[PDB]
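Colleague: Okay, handing you the structure first.
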Amino acid sequence: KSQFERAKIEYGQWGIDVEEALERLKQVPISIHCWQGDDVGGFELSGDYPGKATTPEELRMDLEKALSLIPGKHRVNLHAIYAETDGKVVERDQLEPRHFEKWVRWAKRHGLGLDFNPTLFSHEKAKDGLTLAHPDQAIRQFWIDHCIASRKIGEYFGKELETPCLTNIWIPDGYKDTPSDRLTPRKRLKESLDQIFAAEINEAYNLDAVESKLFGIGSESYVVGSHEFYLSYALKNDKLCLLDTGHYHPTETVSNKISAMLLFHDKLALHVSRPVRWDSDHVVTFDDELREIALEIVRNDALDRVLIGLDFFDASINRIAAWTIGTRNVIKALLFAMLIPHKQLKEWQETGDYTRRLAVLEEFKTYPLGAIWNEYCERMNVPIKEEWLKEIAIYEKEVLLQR
Amino acid sequence: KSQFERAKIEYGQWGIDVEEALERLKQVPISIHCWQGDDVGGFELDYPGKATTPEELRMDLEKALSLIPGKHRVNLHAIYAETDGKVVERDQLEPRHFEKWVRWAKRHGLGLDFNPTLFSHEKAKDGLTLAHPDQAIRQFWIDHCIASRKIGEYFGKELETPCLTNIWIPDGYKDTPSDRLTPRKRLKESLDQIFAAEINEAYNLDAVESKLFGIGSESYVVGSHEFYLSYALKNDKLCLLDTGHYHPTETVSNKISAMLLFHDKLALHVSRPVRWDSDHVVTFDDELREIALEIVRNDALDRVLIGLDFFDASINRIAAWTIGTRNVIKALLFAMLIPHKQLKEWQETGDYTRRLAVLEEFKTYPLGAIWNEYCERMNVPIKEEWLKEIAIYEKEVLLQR
Ligand SMILES: [Mn+2]
Ligand SMILES: [Mn+2]
Ligand SMILES: [Mn+2]
Ligand SMILES: [Mn+2]
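See the structure below:
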């Protein structure tokens, strides 16, 4: 109120225009993933926290509860196993725009954008833990086909919703133990991708992303689609790199990659999740790396160029909370990065005044961000501070515990 | 030796042709670095008997080469110019300053690889170089790098084997930076300039080398992995992968096959990192073997330009080159003697059991016997006998300095 007004001049002494940051913050959309809501079940025909969603309509209502507690206007990220086959078995190579018709009517209803993923796991045709890179041509051909279907589905979304859909390819391909050939399976991956992307699609409707991973449970020794593979591949073929913050080496940092991608790519894509010693997929927290990512997005004038998304899955807590704690933190960090004096911070590093650059970065860690954040929440009709938690408790009592 | 002959039979049982491997191995050159010899001192205007002159450095190089089987290459740094009387600025370096290097190389059947020197200099005092905010600095280093590209050219013309000019810069910041992008933009502008004039690839090839961090550069490094990997991809240059230069538990091994899909050629420095880019003499370890396997089994023996990059001053410096280069040849050898065909086929077919047993069993196959034969056909001392040469040499020459 005036708690907010005194906070406002503290930033104004630096020439930081907070009113302006709040307009700019209003418009950045976070793509939130639907898989959190039903523990990555999907709707495919053929001891955790209670109350997950188990039907398409339960999942939608849940997405709305979370959105109603998160400020701004955002997007929903779908997986192909979220198809509504209408009680028919439809093979993955056969999924079609009319299978996601309900999702699109619902997105249009709420002003959501929509993003997409082919699903290449939990399937008969993926038991050997190889896929687009399986030695068999009929397996490889099945998954190529499905990725081509998803490309069409994504175009569908962009067509219908008037906003580019990002279709991202992730594969689980690898070997648990030491490989005796690293070159051939990657070669097949290249061929499998050359095919998947054979046909142009208007960039206004769809964009293609590839996401690497360093290792999985069951692919601990070697993953086919690696950081260097997808980097070279994306650059050569004008695709987007999707970076997941849980997908790298120990100590390995995504914030250090962003400025280097920005030099050779018009756009890139982000999945923010929290790794605790593996791609554990913990809920995102307002931590140093999260802020350091935000810093890079803002300093580098990259808000139209970094497509921000969430990737996490905690079933040990309330799932609607996961979504809300996740997104609020990533918004907080953008806000924080928006409230940094980059102009003087940058001149100090140009001039080598490392003393002030250290001093002031340090001192902004206690600048009154809560006060700005709180007001932003109030203007955007969501609960300030820990209040959103009352709303999850009602919803858990009335709705979620009844399932 | 019959001993060899029994070994030969054990490998042949799998279909592996030892004699063919030996003839293959003899063919591969390893780029040996000069800076081991004088502690990266250079000639520009701790264990005793490091070299203090070009002739000493050469004698030492010769002695080392005579304890290593094969016919190899030498890697020079710009600070190793022979400038006769004068002081020459690094932006004024010309081929005439490496004439004596080339005359010696040709005589000895060696190739010469090359590196501009972007460190220990007034103009690199701030720890930025090509990405310095100041034009005059960047400009000066651009010229040095351009001057170096011509010297690589001169080398390759003179030695009828292409020269690898590698660029490595120290640029980064000690503590958390407030702009990670524009220094990288400046490096980009800079290399564009450096590579602007075209040189024939029969004489010279350009490479670029990233690093994660260095002392005084812990927090951020302008020339990062992603940066150079993108750059060499846009402008048809080489990536140089230094095994000492990546995150904890990150292997260069896993990168080789990803990269071969997209570049004709690729360069490596091998050196042992012990918890940082510490540049320890190369050992015959897990990582080395996994690297060797990757080159041999991917057919990249002509596509991967192998070099050394360590600096250990706590032991005999001749010994350093020889242990080091001998393990990288040892490891290539071991990789040629592995039954890839049936191993590839077991993985293709599901039999991961046989894949594991057999990689494992080959860890006891009789490598030594073959290696020993190889050293004798190549007229270098076998096993440890090479210490004696070293010890005679330490006395007669090393210690009268
Ligand atoms: Mn992901
Ligand atoms: Mn993940
Ligand atoms: Mn190196
Ligand atoms: Mn190193």
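Here the protein sequences come in this chain order: C and A. Reading the first sequence from the start, the letters are residues 4 to 49, 61 to 417 in the deposited numbering. Reading the second sequence from the start, the letters are residues 4 to 48, 62 to 417 in the deposited numbering. Virtual Cβ for every residue (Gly too), placed ideally from N, Cα, C.
What residue from C:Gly188, C:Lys173, C:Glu78 and C:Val118 has the CA that sits closest to C:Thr145's CA?
Modeller: Among C:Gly188, C:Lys173, C:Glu78 and C:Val118, the Cα nearest to that of C:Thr145 belongs to C:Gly188.
Colleague: Mind checking C:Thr69: buried by the 16 CB within 10 Å criterion, or exposed?
Modeller: So C:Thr69 ends up on the exposed side.
Colleague: Compute every distance between the C-beta of C:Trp362 and the non-hydrogen atoms of ligand 3, then say whether any falls below 7 Å.
Modeller: C:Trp362: no, Cβ never under 7 Å from ligand 3.
Colleague: Who's in the neighbourhood of ligand 2, going by beta-carbon under 7 Å from any heavy atom, listed in chain order?
Modeller: Residues with a Cβ closer than 7 Å to any heavy atom of ligand 2, in chain order: C:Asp258, C:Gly260, C:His261, C:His285, C:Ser287, C:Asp293, C:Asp295 and C:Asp325.
Colleague: May I ask you to check if the CB of A:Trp38 is nearer than 7 Å to at least one heavy atom of ligand 3?
Modeller: Incorrect: A:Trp38 has no Cβ contact closer than 7 Å to ligand 3.
Colleague: With respect to 7 Å, is the separation between the Cβ of C:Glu266 and the closest non-hydrogen atom of ligand 1 below this value?
Modeller: It does not: the Cβ of C:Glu266 is nowhere closer than 7 Å to a heavy atom of ligand 1.
Colleague: For the putative contact between C:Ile339 and C:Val297, defined by C-beta atoms under 8 Å, what is the C-beta separation to the nearest angstrom?
Modeller: Sure, about 6 Å apart at Cβ, within 8 Å.
Colleague: Entirely within the stretch 250-307 of chain A and at least 3 residues each: give me those beta strand (DSSP E) ranges in chain order.
Modeller: Runs found: 254-258 and 282-286.
Colleague: For the stretch 194-218 of chain A, enumerate the residues whose C-beta is nearer than 7 Å to any C-beta of chain C, in chain order.
Modeller: Cβ contacts with chain C: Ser194, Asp195, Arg196, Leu197, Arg200, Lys201 and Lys204.
Colleague: Whole angstroms are fine: how far does the CA of A:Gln30 sit from the CA of A:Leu348?
Modeller: Between A:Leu348 and A:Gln30, the C-alpha separation is close to 12 Å.
Colleague: Which chain A residues are close to C:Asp191, counting only those with a beta carbon under 7 Å from its beta carbon?
Modeller: Going along chain A in sequence order, the residues near C:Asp191 (Cβ under 7 Å) are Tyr368 and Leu372.
Colleague: Is there at least one Cβ from chain A nearer than 8 Å to C:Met275's Cβ?
Modeller: Chain A, which has a Cβ nearer than 8 Å to the Cβ of C:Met275, makes this yes.
Colleague: Going by the CB atoms, is the gap between A:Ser235 and A:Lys201 shorter than 8 Å?
Modeller: Going by C-beta atoms, A:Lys201 is not nearer than 8 Å to A:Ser235.
Colleague: With hydrogens ignored, establish whether the beta-carbon of C:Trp184 is closer than 7 Å to any heavy atom of ligand 3.
Modeller: It does not: the Cβ of C:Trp184 is nowhere closer than 7 Å to a heavy atom of ligand 3.
Colleague: Below 7 Å, is the gap between the Cβ of C:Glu105 and the nearest heavy atom of ligand 3?
Modeller: For ligand 3, not one heavy atom lies less than 7 Å from the Cβ of C:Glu105.
Colleague: From the beta carbon of C:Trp184, is the nearest beta carbon of chain A less than 8 Å away?
Modeller: Not an interface residue.
Colleague: Threshold first: 3 residues or longer. Then list the beta strand (DSSP E) segments lying entirely within the stretch 67-128 of chain A, N to C.
Modeller: Within the stretch 67-128 of chain A, the complete beta strand (DSSP E) runs of at least 3 residues are 89-93.
Colleague: When the cut-off is 8 Å and only beta carbons count, does C:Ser233 lie next to chain A?
Modeller: Judged by the 8 Å Cβ criterion, C:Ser233 is not in contact with chain A.
Colleague: Between which residues of its own chain and C:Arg342 is the CB-CB distance below 7 Å, once the five residues before and five after are set aside?
Modeller: Result list for C:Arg342: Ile84, in chain order.
Colleague: List the residues of chain A that C:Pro149 touches, going by C-beta distances under 7 Å, in chain order.
Modeller: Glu364, listed in chain order.
Colleague: Could you pull the start and end residues of the alpha helix (DSSP H) that A:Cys179 belongs to?
Modeller: Unbroken run through A:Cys179 is the beta strand (DSSP E), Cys179 to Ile183; no alpha helix (DSSP H).
Colleague: Contact criterion: CB-CB distance below 8 Å. Does A:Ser294 meet it with respect to chain C?
Modeller: No - not a single Cβ of chain C is within 8 Å of the one on A:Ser294.
Colleague: Determine the contact status of C:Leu282 and C:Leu324, defining contact as a CB-CB distance below 8 Å.
Modeller: Taking 8 Å as the Cβ cut-off, C:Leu282 and C:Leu324 do not qualify as a contacting pair.
Colleague: Hey, how far is the Cα of A:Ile322 from the Cα of A:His285?
Modeller: About 6 Å.
Colleague: Only counting the same chain, and skipping five residues up and downstream in sequence, which positions put a Cβ closer than 6 Å to that of A:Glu78?
Modeller: So no residue of the chain qualifies.
Colleague: Ordered along the chain, which non-local residues of its own chain (more than five positions away) have a Cβ less than 8 Å from that of A:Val374?
Modeller: Same-chain partners within the cutoff: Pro355, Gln358, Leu359 and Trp362.
Colleague: Just to confirm my understanding: we take C:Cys161, look at its own chain, exclude 5 residues before and 5 after, and list those with CB closer than 7 Å. What are they?
Modeller: For C:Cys161, where only same-chain residues beyond five positions count, the Cβ hits under 7 Å are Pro132, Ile183 and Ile210.
Colleague: Just curious, the alpha helix (DSSP H) that C:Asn343 is in, first and last residue?
Modeller: Per DSSP, C:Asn343 belongs to the alpha helix (DSSP H) from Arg333 to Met352.
Colleague: Using a 10 Å radius around the Cβ and a threshold of 16 neighbouring Cβ atoms, would you call A:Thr265 buried or exposed?
Modeller: Looking at its Cβ environment, which holds fewer than 16 other Cβ atoms inside 10 Å, A:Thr265 is exposed.
Colleague: I want to verify the contact list: residues of chain C whose CB lies under 9 Å from the CB of A:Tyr236, in sequence order.
Modeller: Here the neighbours are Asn270.
Colleague: Of all the alpha helix (DSSP H) runs that stay within the bounds of the stretch 156-224 of chain A, which reach a length of 4 or more residues?
Modeller: Runs found: 197-211.
Colleague: Here's the rule I'm using: 16 or more other beta-carbon atoms within 10 Å means buried, otherwise exposed. How should A:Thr369 be labelled?
Modeller: It counts as exposed.
Colleague: Are three or more beta carbon pairs between the stretch 134-141 of chain A and the stretch 165-175 of chain A nearer than 8 Å?
Modeller: Touching, no, given that fewer than three Cβ pairs across the two stretches are closer than 8 Å.
Colleague: So A:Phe327 contacts chain C; which residues on that side make the cut at Cβ distance below 8 Å?
Modeller: By Cβ distance, chain C contributes nothing, its closest Cβ being about 24 Å from A:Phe327, past 8 Å.
Colleague: So, at 8 Å on beta carbons, what are the nonlocal neighbours of C:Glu401 in its own chain, with the 5 sequence-adjacent residues on each side left out?
Modeller: Cβ neighbours of C:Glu401 beyond the five flanking positions: none.
Colleague: Excluding five sequence neighbours on each side, which residues of the same chain lie with their C-beta closer than 8 Å to the C-beta of A:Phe46?
Modeller: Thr69, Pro70, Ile95, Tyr96, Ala97, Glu98 and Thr99.
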